[PDB]
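As structure tokens, one chain now follows by itself in the form deposited in one PDB entry.
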């Protein structure tokens, strides 16, 4: 079942993030558990856990467009063996429920263009890459 992670869940959340990066051949940094523990306790953010087979990491940040925050689904992951079983749907449905408690004006997610499975999942559940008749692109600089 889906539940809101507590500080003591930081080890499981960090373990899942490590599998996410390992699956996609991405090096992971040290101290994931200690940082998740501090984030879950203090920051304007939360983690949802689907047992220990999936998680969603959501951050909340201010916007002049709404009284509430803008939510960002920074990480959404379901373990490969438990995919295509409604877990991702349940996690995302709970994300919308939780951010609605904060009166979040909008949910945002960054997605790779080549991840067609994830894009179709998000489009099937009400998210769009289109604003004002244009695709939206994410630009970054790692520092």
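Positions refer to the first chain, counted from 1.
Separately, the form deposited with a small molecule bound exists; it is not shown, and the next lines address it.
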{"item": "4.5 Å heavy atom contact, residue 42 to the small molecule in the bound PDB entry", "value": "no"}
{"item": "Partner proximity in the bound PDB entry: residue 83 to the small molecule, non-hydrogen atom cutoff 4.5 Å", "value": "yes"}
{"item": "Residue 46 within 4.5 Å of the small molecule in the bound PDB entry, heavy atoms", "value": "no"}
{"item": "is_contact(residue 76, the small molecule) in the bound PDB entry, heavy atom dist at most 4.5 Å", "value": "yes"}
{"item": "Candidate site 24, 88 and 124: all three near the small molecule in the bound PDB entry by heavy atom within 4.5 Å", "value": "yes"}
